[PDB]
Amino acid sequence: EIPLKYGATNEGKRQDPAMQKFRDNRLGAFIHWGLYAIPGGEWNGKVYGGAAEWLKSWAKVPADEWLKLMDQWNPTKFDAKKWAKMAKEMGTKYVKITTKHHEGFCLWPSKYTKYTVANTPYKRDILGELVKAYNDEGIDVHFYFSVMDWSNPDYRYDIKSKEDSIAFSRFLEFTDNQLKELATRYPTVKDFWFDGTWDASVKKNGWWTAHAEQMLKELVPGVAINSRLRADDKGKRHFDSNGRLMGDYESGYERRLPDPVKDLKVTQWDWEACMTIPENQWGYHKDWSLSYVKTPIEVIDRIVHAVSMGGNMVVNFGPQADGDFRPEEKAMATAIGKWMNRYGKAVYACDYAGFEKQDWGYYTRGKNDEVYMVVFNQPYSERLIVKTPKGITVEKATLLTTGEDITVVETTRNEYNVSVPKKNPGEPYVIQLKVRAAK
């Protein structure tokens, strides 16, 4: 029953309204945009297969030379209002934006470094333009922030000396300054999502992670903070040494999801997953033929999977250098938007339904105990098996899009066959159930 100065703060799930908005939004978009977009995974004529946003590392490019990309930063096709429209048509309720990635190039005009959008030909405050344009569409804005900063030479991977420690104490002050800046320049921000916090330098400074959290919560009432920021007194990340969750939500499900049968533990806390369309590219990469690229249905599957287990899902986009989105990403957004427009009552504001997982798809639970069946795999039996928890019965089934009644046949105690629709919808679809519990 260990004691800790810098362990978890929250008891269970926050239930203030700002957290309930964060939760109910459910579907978000991730935007990775930075100087990495200019080379697009290619350096000096070699096209590297690793994540484009890490090209500085793959091509062993020194800071001085990487940051020279600033001279070419001039996204002439950028139009914040077009971006916001695209997110709206997709059905995303929030957008997480890279304020600064590992490269350390800031999308806002920070006063604390020269490596900022202000010292580029384009000059303009990209981040401020986005915040406004998204907020105008009713879309919340969350800030991605990489603690690790390859542009500031006070950054340390580990504290192996007193020089190291001196430099790093400066780096944490600088980092604190940037965060204060963001919180106060853009007070509509709803979340900070920290990355690049894995180094020993940070593990060794748990106290700072807890400070940063309290600090930001002071400045921004109701702001959410991800688990990835946090390390405890002992250097345990995400969950403290008593296995209690730090920060407001778990953020480890990056390009993977919890198992619907074996990882039901996640339903006990808030969490958010993120994903990429190709296998592993967050920033813009010029050649998507190098790894598997997910289809829209494969992405929709994963969104629903997340909500079915009580989590949010954030789908990544990596805009081009010119400020536009590539065709594959435009098609993806449109496809997701069409499907959400039709079936979104099963996603927005939904949660874990407490039913045993079946092979046809996922269940989600509405705000008023609606139970939705989201069908991805159509059984040749024409029967969708539904097994109810103790005390629950199924009074009715309805096809969400048409309101047509759907036959429900009891097969055994606590189990039914729900018929498929008379006409095959030809896409993943939703059947809504009315259920009754016992007093």
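Residues numbered from 1 in each chain as written, not as in the entry; some residues may be left out. Heavy atoms only, no water. Residues with missing side-chain atoms left out of burial classes, pairs and counts.

- This entry lists X-ray crystallography as its structure determination method and reports a resolution of 2.1000 Å.

- Where the PDB entry is consulted, the protein appears under the name alpha-L-fucosidase, with the organism given as Bacteroides thetaiotaomicron.
- Here the PDB entry title reads "Crystal structure of a bacterial fucosidase with iminosugar inhibitor (2S,3S,4R,5S)-2-[N-(propylferrocene)]aminoethyl-5-methylpyrrolidine-3,4-diol".
- Quoted verbatim from the Sequence similarities (unreviewed entry) field of the UniProt record, the comment on the protein reads "Belongs to the glycosyl hydrolase 29 family."
- The record held by UniProt for the protein lists under Function (unreviewed entry) the comment "Alpha-L-fucosidase is responsible for hydrolyzing the alpha-1,6-linked fucose joined to the reducing-end N-acetylglucosamine of the carbohydrate moieties of glycoproteins." (UniProt positions renumbered as here; feature names shortened; annotations may be inferred.)

**A few points about the packing of aromatic side chains**
Here comes step 1: Overall, the coordinates contain 33 aromatic pairs when judged by the stated rule.
Here comes step 2: Where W33 meets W73, the ring centres are 4.8 Å apart and the plane angle is 55 degrees; that geometry is what we call tilted. On the criterion of sequence distance, the pair formed by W33 in the loop between strand 1 (27-31) and strand 2 (42-43) and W73 in the loop between helix 3 (63-67) and helix 4 (80-90) is long-range, its members being 40 residues apart.
Here comes step 3: Overall, the relative accessible area of 0% leaves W73 in the buried class.
Here comes step 4: The structure contains a cluster of three or more aromatic residues connected by ring pairs, namely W33, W73, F78, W83, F105, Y122, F317 and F325.
Here comes step 5: Over the ring of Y348 we find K93; its NZ or CZ atom is 4.3 Å from the centre of that ring.
Here comes step 6: Over the face of the ring belonging to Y362 we find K357, whose NZ or CZ atom lies 4.9 Å from the ring centre. (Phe/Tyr/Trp six-rings, centres within 6.5 Å; stacked < 30°, edge-to-face > 60°. Helix = DSSP H or I, 4+ residues; strand = E, 2+ residues; numbered from the N terminus. Buried < 20%, exposed > 50% of the residue type's maximum accessible area, 1.4 Å probe, protein only. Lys NZ or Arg CZ within 6 Å of the ring centre and 35° of its normal.)

**Some points on the sheet that holds strand 12 (residues 383-387)**
Here comes step 1: Strand order in the open sheet formed by 3 strands is 12-15-14, and the pairing between neighbours is antiparallel. The outermost strands of the open sheet, each flanked by one partner alone, are strand 12 and strand 14 (408-412). Ignoring strand direction, the axes of neighbouring strands in this sheet form an average angle of 30 degrees.
Here comes step 2: Pairing analysis gives 5 bridges linking strand 12 to strand 15 (residues 415-419), with the strands arranged antiparallel. Opposite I385, over in strand 15, you have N417 as the bridge partner. (Pairing = 2+ DSSP bridges. Axes fitted to C-alpha atoms, helices over the stretch in contact; angles between N-to-C directions.)

**Structural notes on the packing of helix 4 against helix 5 (residues 126-136)**
Here comes step 1: Where helix 4 contacts helix 5, the axes come no closer than 8 Å and their chain directions differ by 45 degrees. With respect to each other, helix 4 and helix 5 are oriented oblique. In the packing of helix 4 onto helix 5, the handedness of the crossing is right-handed. For the pair helix 4 and helix 5, the contacting residues are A80, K81, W83, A84 and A87 in the first and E129, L130, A133 and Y134 in the second.
Here comes step 2: When grouped by side-chain class, the residues that make up the contact of helix 4 with helix 5 number 7 nonpolar, no polar and 2 charged. (Parallel < 35°, antiparallel > 145°, perpendicular 65-115°, else oblique. Left-handed = near helix turned anticlockwise from the far one by under 90°. Contact = heavy atoms within 4.5 Å. Nonpolar A, V, L, I, M, F, W, Y, C, P; charged D, E, K, R; others polar.)

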